[PDB]
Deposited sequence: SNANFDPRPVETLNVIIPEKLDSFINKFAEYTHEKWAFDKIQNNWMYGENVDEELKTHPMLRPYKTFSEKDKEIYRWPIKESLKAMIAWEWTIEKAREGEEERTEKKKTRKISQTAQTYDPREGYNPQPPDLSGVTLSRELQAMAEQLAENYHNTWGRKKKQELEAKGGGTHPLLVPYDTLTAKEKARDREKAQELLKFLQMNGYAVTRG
């Protein structure tokens, strides 16, 4: 049984100051995506094409329209709104330690046990968001089920990994930019 209730973000307001973090982290997430594509021999094209390995978003984040930037900014805003809804504090406590994209490597950033615990809550909320969306999709398309429509805690480690990776990346990037996140 699975009744996912992701945190309701619609009326959560992110403080204006965090817009600098949103834009830097959006840029990073695009750069990481682009890096992997370019490593796999992808190139700029006017259309997405898996045969030719072209993609129109293989160019600098700074050249994007607002709409295209929002592709990366929206999920980050949704993450921060969850954190704010949970009454976590996010404060710039320290100076940050921070077409051929070469994004920062996050593999050397270590989260405290307590930040890892916070990453688990984020990960579960990602799963709940996907899950509630998936139930609506299924019903709109005529029913059926999906094997991952189970509570987060019941997922295997492999099934948890994508959500865990997402949550860690956000917290690591916050830490690298000098933010303390507490509850």
Exercise. Given the full deposited sequence, which segments carry no C-alpha coordinates?
Worked result: 1 to 3, 102 to 124, 210
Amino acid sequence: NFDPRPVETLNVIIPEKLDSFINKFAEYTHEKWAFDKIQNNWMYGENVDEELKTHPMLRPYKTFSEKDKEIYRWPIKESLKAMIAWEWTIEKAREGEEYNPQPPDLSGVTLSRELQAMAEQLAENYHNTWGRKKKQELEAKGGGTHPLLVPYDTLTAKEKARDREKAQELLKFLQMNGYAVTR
From here on, numbers count along this sequence of modelled residues.
Exercise. Out of 114 to 122 and 141 to 149, which stretch has the higher average CA B-factor listed in the record?
Worked result: 141 to 149
Exercise. For the C-alpha atoms alone, is the average B factor greater in 150 to 158 or in 62 to 70, going by the entry?
Worked result: 62 to 70
Exercise. Highest CA temperature factor in the entry: which of 129, 47, 136, 29?
Worked result: 47
For this session: Within this chain's modelled residues, let me know which third the CA B factor of residue 87 belongs to: lowest, middle or highest.
Result: middle
For this session: Rank-wise, by C-alpha B-factor, drop residue 106 into the lowest, middle or highest third of its chain.
Result: highest
Problem set entry | Assigned third (lowest, middle, highest) for the C-alpha B factor of residue 11 | highest
